[PDB]
Amino acid sequence: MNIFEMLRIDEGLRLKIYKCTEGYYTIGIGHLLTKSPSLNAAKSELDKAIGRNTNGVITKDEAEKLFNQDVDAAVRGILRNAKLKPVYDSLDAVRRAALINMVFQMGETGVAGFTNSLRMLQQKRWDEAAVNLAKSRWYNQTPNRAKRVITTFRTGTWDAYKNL
Numbered sequence: 001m002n003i004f005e006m007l008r009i010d011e012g013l014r015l016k017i018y019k020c021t022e023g024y025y026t027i028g029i030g031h032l033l034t035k036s037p038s039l040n041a042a043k044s045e046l047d048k049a050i051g052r053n054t055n056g057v058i059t060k061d062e063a064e065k066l067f068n069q070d071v072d073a074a075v076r077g078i079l080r081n082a083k084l085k086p087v088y089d090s091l092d093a094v095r096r097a098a099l100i101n102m103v104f105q106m107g108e109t110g111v112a113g114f115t116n117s118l119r120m121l122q123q124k125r126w127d128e129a130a131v132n133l134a135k136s137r138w139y140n141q142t143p144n145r146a147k148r149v150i151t152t153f154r155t156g157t158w159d160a161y162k163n164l
């Protein structure tokens, strides 16, 4: 298992424009197009991202290219963040993948806001962090995914993902 497979499990793969769990237009492997209510606004951002007149449908290859760009971006956002970086750097390989997952889902900003959980993961207090992570809207809104991620930080293994 690795980050790509991990997020591909969590996000799924859709070739047409769709609405994510928050009602925003997305496509591909969880690639957010716009928070805007306009389907046209979405179609515009999509063509612009893809570089052609897509008409709201893309190919597998195009989805995987946006996915590679997205993952890359997430890592670089973590690296550039004064709050995230030190946490990232203190983690082992499995747990780093759980941090990228959250950054991919909610932005570096959203994540940098879990101050206490960050501190805890940094101190390697697994169980405490896991409890603090669950007290959040994130967990209440997407409990199945949040649980897999939280298990990942708690255990340091991919158990939550084997079976899926």
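Each residue of the sequence shown is one higher than the one before, starting from 1 at the first, in the UniProt record's numbering. Ideal Cβ positions, reconstructed from N, Cα and C, are used throughout, including at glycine.
Beta bridge counterpart(s) of residue i as assigned by DSSP
i, result
"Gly28", "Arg14"
"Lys19", "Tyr25"
"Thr34", "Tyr25"
"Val57", "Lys16"
Nearest-angstrom Cα separation, counted from residue j out to residue i
i, j, result
"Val131", "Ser36", "34 Å"
"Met1", "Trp158", "7 Å"
"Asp70", "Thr21", "18 Å"
"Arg119", "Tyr139", "19 Å"
"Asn55", "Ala112", "36 Å"
"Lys135", "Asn144", "14 Å"
Limits of the unbroken alpha helix (DSSP H) element including residue i
i, result
"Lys135", "Segment: none, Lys135 is in no alpha helix (DSSP H) and carries neither H nor E."
"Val71", "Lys60 to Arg80"
"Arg96", "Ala93 to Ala112"
"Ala49", "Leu39 to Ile50"
"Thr157", "Looking at the DSSP string, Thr157 is not in any alpha helix (DSSP H), and its letter there is neither H nor E."
"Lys85", "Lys85 to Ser90"
Residue i, buried or exposed, once every other Cβ within 10 Å from all chains shown has been counted against 16
i, result
"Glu108", "buried"
"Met6", "buried"
"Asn163", "exposed"
"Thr26", "buried"
"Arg52", "exposed"
"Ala82", "exposed"
"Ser117", "buried"
"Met106", "exposed"
"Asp10", "buried"
"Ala160", "buried"
"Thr152", "buried"
"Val149", "buried"
Under the three-state DSSP convention, the category residue i falls into
i, result
"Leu121", "helix"
"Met6", "helix"
"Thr115", "helix"
"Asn163", "coil"
"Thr142", "coil"
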